[PDB]
Amino acid sequence: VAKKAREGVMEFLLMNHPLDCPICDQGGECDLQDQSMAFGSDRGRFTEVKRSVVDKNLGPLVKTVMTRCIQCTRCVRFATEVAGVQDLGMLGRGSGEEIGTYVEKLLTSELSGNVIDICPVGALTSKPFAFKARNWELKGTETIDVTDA
Amino acid sequence: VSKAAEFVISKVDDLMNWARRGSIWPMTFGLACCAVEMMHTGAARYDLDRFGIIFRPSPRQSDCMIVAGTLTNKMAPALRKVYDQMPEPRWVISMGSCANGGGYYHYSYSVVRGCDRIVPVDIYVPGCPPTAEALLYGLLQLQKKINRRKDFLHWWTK
Amino acid sequence: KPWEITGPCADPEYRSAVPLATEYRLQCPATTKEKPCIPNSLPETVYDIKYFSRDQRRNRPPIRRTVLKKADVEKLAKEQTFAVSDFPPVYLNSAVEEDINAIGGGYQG
Amino acid sequence: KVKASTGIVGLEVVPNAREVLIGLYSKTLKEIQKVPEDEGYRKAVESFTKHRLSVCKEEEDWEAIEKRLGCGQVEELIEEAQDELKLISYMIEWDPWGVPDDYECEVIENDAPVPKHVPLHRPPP
Amino acid sequence: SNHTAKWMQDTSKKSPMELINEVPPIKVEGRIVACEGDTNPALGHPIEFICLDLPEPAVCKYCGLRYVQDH
Amino acid sequence: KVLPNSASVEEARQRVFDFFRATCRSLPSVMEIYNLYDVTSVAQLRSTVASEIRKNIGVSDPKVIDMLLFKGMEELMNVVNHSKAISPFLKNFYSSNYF
Amino acid sequence: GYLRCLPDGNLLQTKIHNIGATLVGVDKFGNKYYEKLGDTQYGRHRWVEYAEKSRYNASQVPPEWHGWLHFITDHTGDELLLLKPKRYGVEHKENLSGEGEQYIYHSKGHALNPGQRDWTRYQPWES
Amino acid sequence: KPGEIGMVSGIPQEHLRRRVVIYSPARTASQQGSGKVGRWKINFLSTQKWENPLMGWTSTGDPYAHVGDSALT
Amino acid sequence: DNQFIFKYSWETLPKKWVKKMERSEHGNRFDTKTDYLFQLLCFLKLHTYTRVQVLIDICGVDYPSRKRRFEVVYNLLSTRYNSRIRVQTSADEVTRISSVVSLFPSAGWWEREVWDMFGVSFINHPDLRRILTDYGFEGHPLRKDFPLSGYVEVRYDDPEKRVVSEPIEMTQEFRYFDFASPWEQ
Amino acid sequence: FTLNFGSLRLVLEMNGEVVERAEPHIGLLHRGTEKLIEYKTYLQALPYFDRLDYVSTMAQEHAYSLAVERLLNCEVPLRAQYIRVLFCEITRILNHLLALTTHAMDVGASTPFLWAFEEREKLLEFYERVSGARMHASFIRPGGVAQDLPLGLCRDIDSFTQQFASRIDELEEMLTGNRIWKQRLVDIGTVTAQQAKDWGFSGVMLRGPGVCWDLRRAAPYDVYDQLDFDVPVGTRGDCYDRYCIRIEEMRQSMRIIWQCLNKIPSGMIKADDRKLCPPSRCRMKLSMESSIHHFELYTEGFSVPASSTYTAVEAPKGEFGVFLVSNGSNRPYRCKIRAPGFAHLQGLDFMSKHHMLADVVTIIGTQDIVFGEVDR
Amino acid sequence: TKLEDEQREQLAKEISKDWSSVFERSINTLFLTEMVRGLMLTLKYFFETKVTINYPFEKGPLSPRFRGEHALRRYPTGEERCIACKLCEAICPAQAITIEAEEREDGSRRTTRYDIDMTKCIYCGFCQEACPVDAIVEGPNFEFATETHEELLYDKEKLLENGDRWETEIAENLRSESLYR
Ligand code: SF4
Ligand code: SF4
Ligand code: SF4
Ligand code: SF4
Ligand code: SF4
Ligand SMILES: [Zn+2]
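Counting starts from 1 on each chain and follows the sequence as written, independent of the entry's numbering; residues without coordinates are not shown. Here every chain gets a letter starting at A, and every ligand a number starting at 1, in the order they are written. This view covers only part of a larger assembly, and the values given relate to that part. Side-chain numbers here rest on the full set of heavy atoms in the structure, without hydrogens or water. Residues with missing side-chain atoms are left out of burial classes, side-chain pairs and their counts.

Identification of chain J as NDUS2 from Vigna radiata is taken from the PDB entry.

The name the PDB entry gives chain B is NDUS7, with Vigna radiata as the organism. UniProt positions are given in the numbering used here, feature names are shortened, and annotations may be inferred rather than shown by experiment. One UniProt comment on chain B, placed under Sequence similarities (unreviewed entry), says "Belongs to the complex I 20 kDa subunit family." The UniProt entry for chain B carries the following text under Function (unreviewed entry): "Core subunit of the mitochondrial membrane respiratory chain NADH dehydrogenase (Complex I) that is believed to belong to the minimal assembly required for catalysis. Complex I functions in the transfer of electrons from NADH to the respiratory chain. The immediate electron acceptor for the enzyme is believed to be ubiquinone."

The following block contains the structure:
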């Protein structure tokens, strides 16, 4: 029962996800990819027309590809609870519901960089690190920061 | 320095280059798995005996060393020792990827990152394995390279 | 010709090595007269995708471990016995000395 | 009749195969009498040695004893008997019998299936 | 510009950026498109669906072709 | 021939002595192998071998002693078969950062 | 070019093979492509005369005729020329590789490159 | 004794005296999976990488550049 | 398959040295102590109903986490009864394990290879010189802690007129790509 | 006295031209294949098996794929199994031809070399048409094969089989029955079955004595249990009987090739599950899940369950085995490569005892030592 | 050796049944019948046609799925076909491909550096089958032997010009093989 539920939910998540993983900056660090390869099925029954969303300009740090968004509202309530500035929101109703700001409002906060970190899909990505490198290439050293105290 | 002496020197150099091009006597250094493709090159289809290529087992009588296969730290001294016995008019053809820059074992202990580190190689033949067609192309390229040797002119103008 | 006196050339069922250009490889591989159609899945597993049943990689029973002690070892040793029919079978084979033309007359392959 | 060849190049046909086997099996029983009775090795050795001695005593022809035993190659049987003598001598030379007390053995059993096309040694018929 | 000069030094032939800017936008009647790369889907790129509500041309992000809604 | 592990410090010492004997007897062969007669000083070579053995005294495990002797005999066979004031800190500082 | 046969001997073999052949095509570089079916073995029923008898090279075959010559395709070079892409593309160039430093390919960091690029991945202060 | 195995292992003596960092690599911030945590690595602090003059590649001279992160788990 | 002589062995083999047994379709496994490995292989080779008289190979596996990092594995075959068996033990860097050259003469080169790759020395080997790596090799390449590219590299030194060995300075360092998925467990 | 020969290095102790003992030095082609395989993913490690025992390429791919499938438990389709058998037998024919003709050249017979190379060129053309390159074609993968057969390949292979029956008859007529060939081969480097079992011989070198044991019949790892071929054995193991066994194996390989061509089925070429086999180009360009799985299979690999196994196949040289130990990750933790040249080259010492130098080279040719697999 | 002697005597008795057989065997061993037969076969092949390929003018057969020279393609419009997905070196077993990239001027994802070692490439086609956009292809060209290792060290510009030069043949092979996929 649990396995079938996971497979069905993965299929529904992937039925409208764009086939743009190679250009997606979350290659090898995308929760959709890993969970699809771990719990989801190996095939796709969907061959009809997908949905498409125009990109949003959210500042010089967050590059947004809203076609990849799975509408998990993880960043909508992050800006509400942790960031403290309520600009991002889930607006719309149904299969096509967009996320962001109604007006052109660049998101501005000290913690605004964490929005791209919690996005499971490559919907929100670091603009300065747009297409510089993948994940497996980078070696990670655990250090501390000196900009603040 | 004149225009008739220059013509005579050019004719002599052309004759010498023709002889050295038509009488290449390479020696196989057949390690790993470019040597089988080399034997295919020496077979009936892409025959080497037509162009003058005949494999001399003795390095003292050979013209150019064709290193085909992987060069190992245990075998590189042997390769250098055998190369040093070859006569002064000499050439090297590095066949494959192992003998060029280490190939598929570049990041490996006891593997020389190409025969260029041991002996001065003249022509590289890319491939893994390079087709017998490509190896014969490399031998023809060696013929072309030794087709522009102005040894007599260089000796005259010293 | 001297080579038809004896040897393989004298055999009526002798095949030449060289293949003719008009009969060996008629169509070049990049220009084939008929378009291929290679299947990639069974017809059943097209609109009935269900991976938790055909997940052959992960659907395996867990490894079972049992720590047998001296008492268990002695119990098994006393319980067990050997009979003439419980011994391992022998994988026996032997030469036959059979002619080369015995299987299908040397033709069937 | 007489066996022209045993097929195995190392093995050589022996005329008195039945007598050699009888002597080897009798010596096997006499030597295995020294092994402790509780050990399963002694029980198995007595079992198969007595069975082989009985069949080779009942059947006279080497072809008959081979056919009834089902192992074939009385020369191979003689080699096996000699190796059994050597093994019995070794297990008398060193004493492996008896559990060492406070002893634990980890029996591991996994039923992970394998495809039908991997190389698995099929049981003989 | 800087990127093109960084990967290429010929500076005599036309860079792919100039060619892809020179190819005109493709006018389509519908609100969404299917971008495949060329006439043969199997020889192009993975299919990309592009939304055309914004007035400006929308880059395909694959074989970028700038599809524009008709009206 | 390889021998079982030494079960006693005395046995390890005897094996060390045997290895040192082997090195001393094989020293003159290295003379003709390498040909550094100008500044070899065979006595100095023996002193250096003794110094290596003496700097390898901190080891006390007989197994480690036997392994060291095995590797030393291997090295001996290889050599026989001819297979080759500004303080320390400031010099390294002027050389490179990684020191 | 028939006088080259005496000191070439390989062009002689080609001319001997062009007795009963049919000229299936010719390229813009002058290479004449011949085909000869019938009583001919498989491996020797298509070939080329490079029209450069002095210094003919194996790399002078253009990509349009390369497949047909190598028996990859039944399509002659004319059809591939018709199908040649537009808006981009370069003319065929032989494998010089030794005819000159100004001809051979050089890396961006090689000293022989007309423009050599530094590689440090950081910008100094540059007072 | 703490070091006999190293001194007899055949590693060159110059690499047997170097500071290393033993740490458990933390979970990646990009994704919430916890199957790559709980492992411990030896971090040979080998940062001596430069740019190859010919092709701009990342050269190195320390043998322990990647073994601690690749093989030693 | 063919788990006949494996069960027969466990029925007849002395229980003193059978540290653990594994019944698997990937290969029946025996794990014992290094003291009794020679006796165990002698019993199997000589017994009439477990005649594993051919030694397929000897392998080594490195486990840096365990106290005895090295695992010496012996793959054996019984052609008379047509089945493969596996017998393995655990050894560390310094301790010497018994050699089975006397039983299986083919074991000499595999034991030399194990010495070369890991450092597990054998007690009764007629000789134990290195077989695979370069003359004068210093390390044991197949150890996990051993770097992939090694410690030294060779080149031709013109003044010395010989091929010399120098510490590694290789360009284009090995790029380790961490592909591991956090959801694989 | 000791005589040295210098990638085959060999030192011989001689008394009266009689070889008292021979010691080979083999490491000259060591390349760290096992270390590199440990450092690389399974798919990236398949070319290493391509390179090992390079005369017989696809046999090593078959062994590696069988080991991976055993550790992975994935079903291979019947068409993939049949084409794998067909190309394994083509590989066996190639290796036997090369071994026989190099042995003949070492003896002194030079002419069959080029005829068998014409046959080998035809077979390498088959390889190049079905896959990328003539040699080291990474065609056999875990779960199936890389690509389907091009059309016309079966007809070309049938024509080759007929002409190759003629060629084998031809070569046997020239070599077998020659007085010089017999004097070179018979009673040279004889091995008893006990000696072969002790020294771990396999394949022709083990069936030469007459142990009457073959891997394709003892442990059928393919449709081999549906191909009713023949396995020749030698009455008295020596060079001549091993050569005759190789000829008979070439004939039986042709037989198996014809049977596979006749009864090849129509279906798929690789495992059905995309978690273990990459999806097609159209599927990955059309389907979201297929794109995900292609991306994950080409960055990461299939994570085999943590287990250790030894999978052996009947390579043309002999029993080629791979011992794979995993830890649940995408890379093999340990990969031991048992090649059937490592044991035979040990056997050289006792085989070429009391013989002469020409007998030593004849024994080397008969054993067919490829140094890549012995230096794995 | 007594067994060998008696086996030899038995065999000699077996093959000396009668004077006809012994005379036939002696004549066959004396008059070199097998040698004559081998000579006749050799003469037949001397007089038969040859299979030499005549290299520079006649070239050996190939296949569209041939792994020759690595090369980079372009879209029909003219833009680079290669997005910077970095699936080349993720799968390249020999690690012969090095790639670096950044966002272009118009926001497109393109590679600012892409080099392949032809002395490290094993010519295996893993990249050309791992390409999601069919950007990198192993072209049909194989006669590209160079006199210098630095020449054999390719980069993005050389790969792109190779693709532009061999675009038509690469396209034909790609069509024929995309049929087989
Ligand atoms: S986040 Fe989606 S678009 Fe990005 S690589 Fe993963 S499954 Fe693909
Ligand atoms: S965190 Fe990402 S996927 Fe979730 S709602 Fe925000 S943009 Fe969409
Ligand atoms: S370059 Fe390739 S084909 Fe040649 S020896 Fe190396 S691995 Fe073998
Ligand atoms: S063909 Fe193979 S070795 Fe060559 S660049 Fe592509 S993946 Fe690497
Ligand atoms: S796989 Fe294709 S798109 Fe990706 S980096 Fe390589 S050539 Fe470019
Ligand atoms: Zn597009």
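Moving on, there is more to tell.
Caption draft 1: Spatial organisation of the overall build of chain J. Secondary structure summary: chain J contains 16 helices and 8 strands in total. Only C-alpha atoms enter the radius of gyration, while the globule expectation follows 2.2 Å times N to the 0.38, with N the number of residues. Taken over C-alpha atoms, the radius of gyration comes to 21 Å for chain J, in line with the 21 Å a tight globule of 376 residues would show. With the C-alpha coordinates aligned to their principal axes, the bounding extent of chain J is approximately 75 × 45 × 30 Å. Within the span of chain J, comprising 376 residues, buried residues form 79% of the whole. Of the roughly 8,400 Å² of accessible surface on chain J, 52% is carried by carbon and sulfur atoms. Counting 43 positive and 48 negative side-chain charges, chain J places the averaged centre of each group 4 Å from the other. By definition, any uninterrupted DSSP run of H or I lasting at least four residues is a helix, any uninterrupted run of E lasting at least two residues is a strand, and each is numbered from the N terminus. Working definition: with a 1.4 Å probe on protein chains only, accessible area under 20% of the residue-type maximum means buried, over 50% means exposed, and in between means partly exposed. Per-residue accessibility takes into account occlusion by the displayed protein chains alone, with areas from the Shrake-Rupley method and a 1.4 Å probe. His residues and chain termini do not enter the charge count, which takes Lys and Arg as positive and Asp and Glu as negative. Just so you know, the charge point we use is NZ for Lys, CZ for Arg, CG for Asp and CD for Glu.

Caption draft 2: Molecular detail of the overall build of chain B. Along the backbone of chain B there are 6 helices and 4 strands. Counting from the amino terminus, helix and strand elements in chain B follow one another as α-β-α-β-α-β-α-β-α-α. In terms of overall dimensions, chain B has C-alpha extents of about 55 × 35 × 25 Å along its principal axes. A burial count over chain B gives 63% of its 158 residues as buried. Contacts between residues were defined by any pair of non-hydrogen atoms, one from each residue, lying within 4.5 Å. A separation threshold of at least 6 residues defines the contact pool for chain B, and within that pool the share at least 24 residues apart is 79%. Of the accessible surface of chain B, which amounts to about 5,700 Å², a share of 58% is contributed by carbon and sulfur atoms. In chain B, 20 side chains carry a positive charge and 13 a negative one; their mean positions are 4 Å apart.

Caption draft 3: A look at the arrangement of the chains. Looking across the 31 pairs of chains in contact, one finds the most contacts between chains I and J. At the level of C-alpha atoms, the two units chain D and chain E stay apart, their nearest approach being 33 Å. Between chain A and chain G there is no contact; the minimum C-alpha to C-alpha separation amounts to 13 Å.

Caption draft 4: Seen up close, the sheet that holds strand β2 (residues 64–68) of chain B. Residue and element names in this part refer to chain B. Spatially, the 4 strands line up as an open sheet ordered β1-β2-β3-β4, and their pairing is parallel. Only two strands of the sheet have a single neighbouring strand rather than two, namely β1 (27–30) and β4 (123–125). In this sheet, neighbouring strand axes are inclined to one another by 20 degrees on average, regardless of whether the strands run parallel or antiparallel. The sheet contact formed by strand β3 (residues 91–95) and β4 spans 3 bridges and is parallel. Bridge pairing in β4 links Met 95 to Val 125. Set on the sheet, helix α5 (residues 132–145) makes contact with β2, β3 and β4; between it and β4 the angle comes to about 165 degrees. DSSP calls a pair of strands paired once it identifies at least 2 bridges connecting them. Note on definitions: angles span 0 to 180 degrees between N-to-C directions of axes, and those axes are lines fitted to C-alpha atoms, for helices only across the stretch in contact.

Caption draft 5: How the structure looks around the nonpolar core. For the purposes of this section, nonpolar cores are sets of buried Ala, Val, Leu, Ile, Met, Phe, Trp, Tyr and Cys residues that join through side-chain atoms within 4.5 Å. Membership of the largest hydrophobic core comes to 327 residues, with the highest contact counts inside it found for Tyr 74 of chain I together with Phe 87 of chain J. Judged by nonpolar contacts, the second largest core, of 30 residues, contains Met 10, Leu 14, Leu 19 and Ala 79 of chain A.

Caption draft 6: Representation of the interface of chain I and chain H in the model. Listed by partner, the interface residues are 29 residues for chain I and 31 residues for chain H. We define buried area as the total accessible area lost by two parts upon association, computed with a 1.4 Å probe and summed across both. At the boundary of chain I with chain H, total buried surface from both sides reaches about 2,500 Å², with 60% on carbon and sulfur atoms. Among the residues of chain I in contact with chain H, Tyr 151, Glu 173 and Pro 182 of chain I are the three that bury the most area, contributing 25% of the side total. The working definition used for a salt bridge is a side-chain nitrogen of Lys or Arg within 4 Å of a carboxyl oxygen of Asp or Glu. Counting every contact that joins chain I to chain H gives 1 salt bridge.

Caption draft 7: Focus on the site of ligand 2. To be near a molecule or strand, a residue needs just one of its heavy atoms within 4 Å of it. Taken together, 13 residues sit near ligand 2, with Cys 69, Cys 72, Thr 73, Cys 75 and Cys 119 of chain A positioned nearest. Under the scheme applied, nonpolar residues are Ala, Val, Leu, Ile, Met, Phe, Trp, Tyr, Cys and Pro; charged residues are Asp, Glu, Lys and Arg; polar residues are all the others, including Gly. Taken together, the residues of the shell around ligand 2 break down into 10 nonpolar, 2 polar and 1 charged.

Caption draft 8: Summary view of the pattern of salt bridges. With the rule as written, the count across this model stands at 117 salt bridges over all chains. The structure contains a network of salt bridges with shared partners spanning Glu 113 and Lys 144 of chain I together with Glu 34, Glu 38, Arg 334 and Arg 376 of chain J.

Caption draft 9: Spatial organisation of the site of ligand 1. Every residue near ligand 1 is listed here: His 17, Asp 20, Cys 21, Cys 24, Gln 26, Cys 30, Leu 32, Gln 33, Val 121 and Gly 122 of chain A together with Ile 292 of chain J. Chain contributions to the surroundings of ligand 1 come from chains A and J. Its residues assigned to classes, the shell around ligand 1 comprises 6 nonpolar, 4 polar and 1 charged.

Caption draft 10: Structural detail: the interface of chain J and chain I. Taken residue by residue, the interface counts 49 residues in chain J and 51 residues in chain I. In this assembly, chain J packs against chain I so that about 4,200 Å² is buried in total across both faces, 55% of it on carbon and sulfur atoms. Applying the counting criterion to the chain J and chain I interface returns 6 salt bridges. The closest approach of N and O atoms between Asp 198 of chain J and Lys 45 of chain I, which form a salt bridge, is 2.9 Å. Any N or O atom pair separated by 3.5 Å or less is treated as a polar contact, with the protein-specific requirement of one donor-capable and one acceptor-capable atom, and with residues adjacent in sequence counted only for side-chain atom pairs. Viewed at the interface, chain I and chain J are joined by 21 residue pairs in polar contact. Top element by residues in the side of chain J that touches chain I is helix α1 (residues 33–39) of chain J. It accounts for 5 residues. Class assignment for the residues of the side of chain J that touches chain I results in 18 nonpolar, 14 polar and 17 charged.

Caption draft 11: Quick look at the coordination of the zinc ion (ligand 6). Residue and element names in this part refer to chain E. Around the zinc ion (ligand 6), the protein contributes the donor atoms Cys 35 (SG), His 45 (NE2), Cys 60 (SG), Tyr 62 (O) and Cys 63 (SG), at 2.0 to 2.3 Å from the metal centre. Positions of the donor residues of the zinc ion (ligand 6), expressed as sequence spacing, correspond to C-x9-H-x14-C-x1-Y-C. Accessibility expressed as a relative area gives 1% for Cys 60, which makes it buried. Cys 63 gets classed as buried once you look at its relative accessible area, which sits at 2%. For Na, K and Ca the donor cut-off is 3.2 Å, while for other metals it is 2.8 Å, and in both cases only N, O and S atoms qualify; water is not among them, so sites may look incomplete.

Caption draft 12: Up close: helix α1 (residues 2–14) of chain A. By this rule, a helix spans an expected 1.5 Å times one less than how many residues it contains. Its 13 residues place the ends of α1 of chain A 18 Å apart at the C-alpha level, agreeing with the 18 Å of an ideal helix rising 1.5 Å per residue. Those residues of α1 of chain A that fall on the buried side of the exposure criterion are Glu 7, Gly 8, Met 10, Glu 11 and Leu 14 of chain A. For α1 of chain A, the arc enclosing every buried residue in end-on projection is 160 degrees, short of the 170-degree limit, so these residues lie on one face. The inward-facing, buried residues of α1 of chain A contact α2 (31–38) of chain A, α1 (51–54) of chain C together with α13 (288–299) of chain J. Each direction from the helix axis to a C-beta atom contributes to the arc, which is the arc of those directions.

Caption draft 13: Highlighting the state of the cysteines. Any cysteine sulfur atom paired with another within 2.5 Å is treated as part of a disulfide. Throughout the structure, instances matching the rule amount to 1 disulfide over all chains. Two residues share a disulfide in this structure: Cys 35 of chain E and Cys 60 of chain E, whose sulfurs sit 2.0 Å from each other. Residues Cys 35 of chain E and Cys 60 of chain E share a disulfide whose torsion about the S-S bond is about -130 degrees; that sign makes it left-handed. Taken together, the residues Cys 35 of chain E in strand β2 (residues 32–35) and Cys 60 of chain E in the loop between β3 (48–51) and β4 (67–69) connect sequence positions 25 residues apart. Of the two residues, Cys 35 of chain E and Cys 60 of chain E, neither departs from the other in class, the shared state being buried. No disulfide involves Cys 71 of chain D; its sulfur sits 13 Å from that of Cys 56 of chain D, the nearest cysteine.

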